[PDB]
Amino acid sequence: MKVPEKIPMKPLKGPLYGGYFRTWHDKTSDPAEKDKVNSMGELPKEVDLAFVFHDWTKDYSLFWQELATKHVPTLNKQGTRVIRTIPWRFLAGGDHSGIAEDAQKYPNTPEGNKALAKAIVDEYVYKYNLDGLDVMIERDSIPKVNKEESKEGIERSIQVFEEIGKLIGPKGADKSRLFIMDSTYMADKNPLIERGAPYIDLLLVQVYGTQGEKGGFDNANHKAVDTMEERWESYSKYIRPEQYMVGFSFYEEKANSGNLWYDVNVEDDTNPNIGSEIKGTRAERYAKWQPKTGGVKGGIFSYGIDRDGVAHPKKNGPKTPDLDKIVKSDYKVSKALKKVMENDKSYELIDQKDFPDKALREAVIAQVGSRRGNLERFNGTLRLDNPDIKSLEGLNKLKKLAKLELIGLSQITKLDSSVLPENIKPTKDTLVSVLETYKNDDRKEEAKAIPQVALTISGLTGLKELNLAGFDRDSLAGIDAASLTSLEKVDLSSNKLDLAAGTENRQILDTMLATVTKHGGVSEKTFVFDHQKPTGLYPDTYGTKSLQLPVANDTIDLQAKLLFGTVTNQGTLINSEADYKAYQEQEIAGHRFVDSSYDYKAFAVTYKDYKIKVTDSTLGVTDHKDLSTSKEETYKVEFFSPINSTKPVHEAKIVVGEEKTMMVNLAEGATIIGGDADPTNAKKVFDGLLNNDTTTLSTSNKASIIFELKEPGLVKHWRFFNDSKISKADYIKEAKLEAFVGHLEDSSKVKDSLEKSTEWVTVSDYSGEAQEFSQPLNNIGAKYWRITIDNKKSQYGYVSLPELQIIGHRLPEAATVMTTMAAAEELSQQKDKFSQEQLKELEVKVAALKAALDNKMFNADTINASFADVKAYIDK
């Protein structure tokens, strides 16, 4: 088989029309199968990319000889690339992977992956001298081993995908061949987009049907999911807009439910040619569709292009079998969609009518895109550093630009709304979608607000006028006023500028009064900056971090004294209605700038929906704003925003009376050793989420739990809760907390079975009806604890325990400290050992240890060091 060499072709220029041709519908596929009458080589020149879609076709067939020798030269002459399409499995190996089936020749090694990639290109691209590769990434081609999805093969396809990219495509050694990824996944559900995007020329999305157009429907929230724009926004992170092509599908003969797409016209007996019309169909909609942000798309593609013109059977109507008959295609729908995209105004080339300055036009074209549709949609940064630009005429055609940088434009002498992007001011989206939406939602969407373009002026020596009034510019940043030397008249009114103190804007403002004082022309007409409405923001940090208060029977407002204030984007802090009144009547060059109408109510932020959490040294949590100083206590105050109920915005320390050390929850994360309760829900007692995110209970009448502390230490307090007033009269009414001191009946191997029997000590015996119970404990150093609860109900009583806290100070090896102090206090008890006086050296050193253990300011060093003191004398 003599494969002719590639003929010259023109470069690809958008918009592009692609089409998958099914090999088993070529005449040369199966000579016996005489009902197939179409040919791949008869695709019109409107087809830019012709995808070869091989399955159900013989390997020894004459179609391959026909394609390499006739179809490829024929389509290349009219400018049509012929692309070979392979499934995702071919890049991984395993079930039905083509070349990769020979694992011995191409193993899963770094050298094997490199060699497999070359074999893939040699076999699927270079063998018949095709124009590119197209890897197909969907569930229908996911790598599998023994019919189950292979997470190991998926990883290999990523490595092979890059290795293919180093051979063909935009970053490959051979850039004459395309490398394309068609897919059904959203970019986050696509394992290969993240590393494959730099290596691919184009990217196709298989958005077929009304779900492909309108997206899926979230029946819970009555909202659309995975919409067209959402799908594009996911892939817009990895590829450019001019690489994104959407796709519809024609009617496949004898297609079953789940493969009906209705992307073309539905059949009509009164028009035997309605299928070849394209008006109002999902195919034309996709042709006319453009993303709202970033730039025009690459084009559209069609699957089953051999069935062009065939009308789609009715959804629930009587069956029509003449549509399943195979006829020769004239590809009228394919040509019509090509013309619809070419004649679309969004692809009109940018010419001198838009930007008369040729130095300006070239910069825009080389940065925004050659088409007028990119002006409405470009979403990035435009940098104009070519000094030859004489006229900025036409920058108001830029609608969604994100950053504008004017660098060293000496010949520009005026800047107003007519020579700036229209989103210099707050604007809304004016583009209308052509796709259908969900009739099962409410009325159609409202205009989305377009973010304002960032303006950077620097080096504009010749600039004489700078008019920016009424634009709601948030600050004056990016303006290098020191280089704007020829300015004469400037307007900055009706903005949001905090022109005060030594603010950035106020320093630009004042550097700019200079260049129109050196320039003696200054009137009340030439420099206007009044009617300023700076937006008020929540302060990033708050001032008061600590408060030492005396003990006295008086409540204080915690939020009032700790969390207040409004901060501008330049640094000014306003706390009261008076601070804003002193800020409001602040003059610059004998003239106020803040608007009169803009009052304190409209500027300062509000703390109506803010929440407070006050935790004391015993981990007792309260949510009330007021705080009674009637008890000596050290607290911990946190404030939370409505937008975030987990991360505090300001944290503080309140010390009433003398400062007590804050105790921690020693049982948080406890390991369940044994007991009667369901182990799944026993862990929820010690997990930490304050009384249980709607989880469940322990046993059916009366539960016991035996647990081990993560890090043992000094235990001073304990606390347990009932359910969140979710229940009433079902509360735990009898509780028994126990500590373990029976050393250990050995069996370190089997803790639990002897934990279940040995000698424990009752430390608390609760009996009540409260929702929360807390009680001090007398310095226990145990590491194994037992809790027993009972709600005084039927044998099917279903007792619950959402959370239980063992509260104290983290003291490593506190068990040995308590046992030694017990061994010393009970040994100086017996004054008959020796003289009472010589062992007073131990009697005074034992109350130093005890006072250190009971001090409000728990000092770990003072206890560990003083522990060794009594340890020496018991050693004697």
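Residues carry their position along the shown sequence, with the first being 1.
Asks: Averaged over C-alpha atoms, is the B-factor higher for 766 to 774 or for 738 to 746 in this PDB entry?
Replies: The recorded data point to 738 to 746.
Asks: Going by the mean C-alpha B-factor recorded in the entry, which is higher: 317 to 325 or 140 to 148?
Replies: Looking at the recorded C-alpha B-factors, 317 to 325 comes out higher on average.
Asks: Out of 681, 381, 386, 290, which shows the largest CA B-factor listed in the entry?
Replies: Going by the entry's C-alpha B-factors, 386 comes out highest.
Asks: Which of these has the highest Cα B-factor in the record: 171, 625, 189, 473?
Replies: Of 171, 625, 189, 473, 625 has the highest C-alpha B-factor.
Asks: Lowest, middle or highest third: where is residue 726 by Cα B-factor in its chain?
Replies: For residue 726, whose C-alpha B-factor we compare with every modelled residue in the chain, the answer is the highest third.
Asks: Which third, lowest, middle or highest, does the CA B-factor of residue 643 fall in along this chain?
Replies: Its C-alpha B-factor belongs to the highest third of this chain's values.
Asks: Rank-wise, by C-alpha B-factor, drop residue 825 into the lowest, middle or highest third of its chain.
Replies: It falls in the top third of the chain.
Asks: Using only modelled residues of the chain, where does the Cα B factor of residue 635 rank: lowest third, middle third or highest third?
Replies: For residue 635, whose C-alpha B-factor we compare with every modelled residue in the chain, the answer is the middle third.
Asks: If you rank the chain by CA B-factor, which third does residue 839 end up in: lowest, middle or highest?
Replies: According to the entry, residue 839 has a C-alpha B-factor in the chain's highest third.
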